[PDB]
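A single chain comes next, written as structure tokens; it is the form deposited in one PDB entry.
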């Protein structure tokens, strides 16, 4: 359904554009201002995507931005792709450093589920989020611009949880 399109859009209009330049930007950051070499993408299957990650878990702490990537895109001169570096803490220690963000399309699923005109039932959010994750995994498994550049972290909170721990488990390669 809608999730398939959004996963393709996330690949076409973002991942395939930034993943080939990512290691160059991390390299540049390391020798100028170690950050792990992969983009970590958070996929909360409840589609709850806060804008401030440091508010979602106080053991996740904004550190810095990468140097920006710019490109002329669809008539926009110097469209900017920006990514943020986070420190992951564990019992008061810096345990991991990575470029970390939520999958933005999950905000579309959430919003669509709230707007009557979108024809998207509220109870369909989890199934769409799963279909999104599956599609995206399938794309990235075969995409030349990545997999090795990129890690998906999908999770559902229980029906008590630590987002930092979830990320740290993946970081522990």
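The term rigid core refers to the most C-alpha atoms you can superpose between the two forms while keeping them within 1.5 Å. Positions refer to the first chain, counted from 1.
The same protein has a further form, the form deposited in another entry, not shown here; the description that follows concerns it.
With the core held fixed, the Cα of residue 107 is displaced between this form and the one not shown by less than 2 Å. In this overlay on the rigid core, residue 119 has a C-alpha that sits 2 Å or more away from its partner position between this form and the one not shown. Core-superposed comparison between this form and the one not shown: the C-alpha position of residue 73 differs by no less than 2 Å. In summary, the C-alpha positions of residue 70 and residue 104 diverge in the other form, ending up at least 3 angstroms farther from each other than in this conformation.
Distance between the C-alpha atoms of residue 78 and residue 6: shorter in the other form than here (change of 3 Å or more).
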